[PDB]
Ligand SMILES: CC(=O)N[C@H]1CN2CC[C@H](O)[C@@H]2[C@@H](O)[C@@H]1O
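Shown next as structure tokens: one chain only, the form deposited without this ligand.
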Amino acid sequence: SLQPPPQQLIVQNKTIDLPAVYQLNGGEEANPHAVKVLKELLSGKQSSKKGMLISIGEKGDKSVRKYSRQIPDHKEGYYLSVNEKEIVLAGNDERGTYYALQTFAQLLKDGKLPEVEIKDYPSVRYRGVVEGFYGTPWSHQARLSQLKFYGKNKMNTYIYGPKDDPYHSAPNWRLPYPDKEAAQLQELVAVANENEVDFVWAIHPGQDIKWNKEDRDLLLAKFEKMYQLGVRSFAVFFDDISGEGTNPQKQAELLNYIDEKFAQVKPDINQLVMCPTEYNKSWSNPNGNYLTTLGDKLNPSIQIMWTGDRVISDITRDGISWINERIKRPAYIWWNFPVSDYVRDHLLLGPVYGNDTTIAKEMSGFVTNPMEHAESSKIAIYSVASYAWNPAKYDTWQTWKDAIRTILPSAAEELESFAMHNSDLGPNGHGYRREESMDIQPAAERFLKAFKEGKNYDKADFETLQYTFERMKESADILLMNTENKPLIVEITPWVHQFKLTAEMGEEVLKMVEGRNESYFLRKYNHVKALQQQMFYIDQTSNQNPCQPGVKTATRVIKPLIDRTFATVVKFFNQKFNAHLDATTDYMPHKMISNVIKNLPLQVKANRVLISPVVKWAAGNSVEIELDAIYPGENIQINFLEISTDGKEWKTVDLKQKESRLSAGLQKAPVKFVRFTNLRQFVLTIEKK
């Protein structure tokens, strides 16, 4: 599967050997980055004045003069030909030549090539990745790896804008990078250039920019320092800010000044891009002219970015028509997937889909905002590269599989098994979801209805569930030990552990359903309870980020199936044997009781213990939380109060107020019980770890 698939391809059912003796024409006149690829591929073979002719060059070079009519007249276009007589690798321009060699490399298998003729070019002018997320920015080693990946997949754009880089954003955007970081950035630029990628350095100054001479000049001096490090494309982002920096006329004037005084004065600046403050339809003022002001005032060579109809959105024909009318140019898409920076407890390893495949002419560019997990994001990146190059031939499912096979050839089926059940976001404030576990969902839902009611489930369905859990454990164990992509495995490991425990829990729960005798059932029950505790421990000790800590996996179908089946089989057991087994599905070491609320589960997040968010609260009614030990208390925050260490001797804590927010410091007071007498928020913070 050539990826991206070329615009035009004609294959014969005929094969030639990569020639043992070859005559190279154009080695000194073609793109040296393409020539390097070709020479690596011909490493074994003999350069002669006789032997099979291989011609490499750009249109205008002597080497490819015979083939000038076959070369597409498109930016980054190429013509590739292999037949028994000769090989031709001819770009319309130097990057096109490089791209011809990336296609050529995929054609070559077991020292053999198909007889083929290809004419190829990208449908979208700028294709790539915006490292534009909140969280731990990609490591330098991760970035190196990404740039090589981009060249292989014909992505020509890498926009550097990690929100947590203080020399990119708040507070130190005005300052030059310190020496260590500057040398790293210089190396990234060099490697980008070697992989035919434009390194676009972005700046995000808007939260405290002053519309005065001093800050204008400081921005330009920072761009100049980045130009000294080799940067030749630049962006200015005004997303996710408030205040004076949101002014569109001033934004447009700044970008125009950058254009006039910098981008028009250097010999070799390529992209100049801005991200607006109103960067999706839902954030656009209905009766405001923010977007029309940018559209009319911004110099027409300057690109304008757009995330779609919402912050997290798929791009439609109606949506892109809507923006294009107002900005007076084709939008440069900023696609917010697989970015997980608002659902940091989930990996998003599913296919890329949802974007209209007929709107290439309506977009200037398409870049993906990835996860902070760089290797894991390659699944989606590979897919976006395929989409943006040839959207008319974009096959979501086959591209997903191809990506996985590319990224982890040694354990591709195991990675697919894992990714199939790690693709949904769970519930979130952006409303954005993806499909997950679709294949087993029918068997899961049939089984669970039959089970709940008074019905024999289908043996096949039970077996499909067993098969799934068995395969999950195989995939987890194989992935954990895989050393072909060690950085990938480091990223996903906490989720792999959680996924394996999920599968184990599933297996034990099905053994509870198979219901042979009382003492066996209880053994399975006790084992499930232990596995629940293990899953709680992973959740509290892994991926303890400040936003959405912990580790969730197989959340759409699998975990709900297991949890519902467990609750049901425990209910039946209690009914049948007059027992009182606990039917709770998530382990929770702390306890809460209430007359009101009563069945809202407690959560533990970092050093917070909280009740899960109209409630009718009678007089003298109370909520009581018992912790599992005595801890020093930090504070209590409540949004519509006593503490103790033994439950008997109490002490009152007076809440302060500002709007609906109630709060009180506890000054390290020992706390085991918290009681309120007479909910968007109920959170105790303790001293932990």
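Each residue number is its position in the shown sequence, starting from 1.
Form deposited with this ligand bound: not shown, discussed below.
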| property | result |
| --- | --- |
| Contact residue in the deposited bound form, chosen from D356, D215, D341, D395 - any heavy atom within 4.5 Å of this ligand | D341 |
| Contact residue in the deposited bound form, chosen from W211, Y134, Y257, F572 - any heavy atom within 4.5 Å of this ligand | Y134 |
| Location of this ligand contact in the deposited bound form, chosen stretch of 187 to 195, 531 to 539, 328 to 336, 92 to 100 [non-hydrogen atom, 4.5 Å] | 328 to 336 |
| Partner proximity in the deposited bound form: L408 to this ligand, non-hydrogen atom cutoff 4.5 Å | no |
| This ligand contact at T399 in the deposited bound form, heavy atom, 4.5 Å | no |
| Non-hydrogen atom contact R174 with this ligand in the deposited bound form at 4.5 angstroms | no |
| Any non-hydrogen atom of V311 within 4.5 angstroms of this ligand in the deposited bound form | yes |
| Stretch 225 to 260 - residues with a heavy atom within 4.5 Å of this ligand in the deposited bound form | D239, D240 |
